[PDB]
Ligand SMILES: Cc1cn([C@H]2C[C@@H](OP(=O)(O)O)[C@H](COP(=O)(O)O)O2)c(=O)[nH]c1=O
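Okay, so here's just one chain, in structure tokens, the form solved without the named molecule.
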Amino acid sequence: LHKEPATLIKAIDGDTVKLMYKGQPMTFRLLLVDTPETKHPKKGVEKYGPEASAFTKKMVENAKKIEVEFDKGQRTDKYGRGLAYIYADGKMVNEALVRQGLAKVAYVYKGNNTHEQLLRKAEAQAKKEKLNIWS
């Protein structure tokens, strides 16, 4: 995989960020994670959804460098969002969320599984520590 530079435009949700990527604005869905949503069709505000959202926002808003890493499977979803791992000062946001107990690992989507093990390990640890969603 190759890390590419991007610039924050806006963090939308725990699982979604809008970035400037190769000169054009684009919505990115973070790969392999499911966060509680703030912008859910029904249920509206799920528990820990506002915590996950603020976590993602804080991480990308305070970074001096954002990088996007596409995986080797499909790169956009049916809503047009890019499917990627996002890094803030070298730290993977997708992993930080799971490790903090603020997301679960999602099922693999269309060949995109490069960091699944890494993430599943982070999740097991968060469950063991009974953090946040796992409390």
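Each residue number is its position in the shown sequence, starting from 1.
Beyond the structure shown, there is the form solved in complex with the named molecule, which is absent from this document and is the topic of what follows.
Although the chain is displayed without it, the named molecule can be placed by superposition from its pose in the deposited bound form; doing so yields no atom within 2.4 Å of a backbone or C-beta atom, and the site is open. Using a 4.5 Å heavy atom cutoff, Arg29, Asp34 and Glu37 all lie near the named molecule in the deposited bound form.
Checking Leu83, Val105, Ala63, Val68 for any heavy atom within 4.5 Å of the named molecule in the deposited bound form turns up a single hit: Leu83. Although the partner is absent here, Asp77 lies within 4.5 Å of the named molecule in the deposited bound form, judged by heavy atoms.
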